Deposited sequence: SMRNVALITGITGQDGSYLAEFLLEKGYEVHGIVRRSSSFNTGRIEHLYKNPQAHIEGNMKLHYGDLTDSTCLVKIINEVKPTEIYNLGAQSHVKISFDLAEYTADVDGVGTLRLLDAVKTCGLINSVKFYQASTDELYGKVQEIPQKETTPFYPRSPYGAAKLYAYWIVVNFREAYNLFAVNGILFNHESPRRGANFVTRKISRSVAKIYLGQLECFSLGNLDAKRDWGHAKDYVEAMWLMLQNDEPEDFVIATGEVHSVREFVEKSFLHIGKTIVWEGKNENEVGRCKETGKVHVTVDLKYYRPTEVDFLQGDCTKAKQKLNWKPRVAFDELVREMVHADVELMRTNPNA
């Protein structure tokens, strides 16, 4: 008997996690938010218009969480639901605390209230944003935390409330400290999908210029379809441990723009400084990228690089998709997307 309950099933990781578990025969349950429109576009192809059952819920409604967990009696819980955009968190700090911080507590409390403490396995979606102003290079499980945003602080709270439940009630509960993972389902608001969509529409004559913030930030980028599997591996372990999941390669936002444009035939050369910097196509002389301070963050995370030695040894997990292939896939997918539908 394998029954999984996924929060934030409509997001990126949730949609891949649902396919993965479904393929392994699991019965998959998910908590979706009421919306005045449709909000299930990533998972609607899993209906068989079956083995996946959706329930209305919210990480701020204590009664609904108890009702669902008692009705479903899951054997695995994945808490992926959250307000996940670091920038939006600066102007939405209260809601972000209520959902990302207190919401993790509400869910753990529901497991204890239903009496499933000893029969459930609980995965928390932690994040490299805990390292913020990094205290070691690279970052591993033992590196001291130092968050840099209202989103970082909420997740830091969520990390330790999970540790506290494991240590105090022997709940099998783990923190997945995953670094950036992207995909053709990545939200349009994140820098990698913002670039890939923009470059794609430029190549099709649907757009001429788009604006970014800090070009000089460096990220460790992996593929979300690999990292979901590491979440499952963590709950198959014999002891509940915490793990870092990352690629170990570093690249700049600048490089990501360059490689993306390269896949449409254009070579970017930069001119100017700071918020007056621009990106011009060497071949046409057309300007396609400008900078605007409204995409900067009051306190930035400058450099991130994960060391997943522990996960490689204890889980036999390794990433299969590298930086270059990631850019090629996203740019290519958004071309086919925007070619058949320019409103996408």
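According to the record, the deposited residues with no C-alpha atom in the structure span 1-2, 52-57.
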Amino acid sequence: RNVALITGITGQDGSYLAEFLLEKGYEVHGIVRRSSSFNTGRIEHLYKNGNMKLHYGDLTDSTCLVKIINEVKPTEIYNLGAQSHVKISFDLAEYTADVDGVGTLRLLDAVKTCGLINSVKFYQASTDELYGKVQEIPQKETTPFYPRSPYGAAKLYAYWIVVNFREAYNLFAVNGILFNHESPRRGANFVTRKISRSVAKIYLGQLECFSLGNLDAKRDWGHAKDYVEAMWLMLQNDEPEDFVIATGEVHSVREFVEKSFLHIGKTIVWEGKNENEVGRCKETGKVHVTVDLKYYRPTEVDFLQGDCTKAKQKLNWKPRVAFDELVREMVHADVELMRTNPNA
From here on, numbers count along this sequence of modelled residues.
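Checked against the record, the higher mean CA B factor of 211-219 and 95-103 lies with 211-219. Higher mean CA B-factor, judged across 312-320 and 51-59 from the recorded values: 312-320. In this structure the maximum Cα B-factor among 86, 268, 231, 153 is found at 268. The entry lists C-alpha B-factors for 192, 126, 79, 274, and the highest of these is at 274. In this PDB entry, the Cα temperature factor of residue 13 sits in the bottom third of its chain's modelled residues, the lowest group.
In this PDB entry, the Cα temperature factor of residue 159 sits in the middle third of its chain's modelled residues. Residue 46 sits in the highest third of its chain by CA B factor, as recorded in the PDB entry. Placement of the Cα temperature factor of residue 254 within the chain: highest third of the modelled residues, per the deposited record. Among the modelled residues of its chain, residue 297 has a C-alpha B-factor that falls in the lowest third according to the deposited record.
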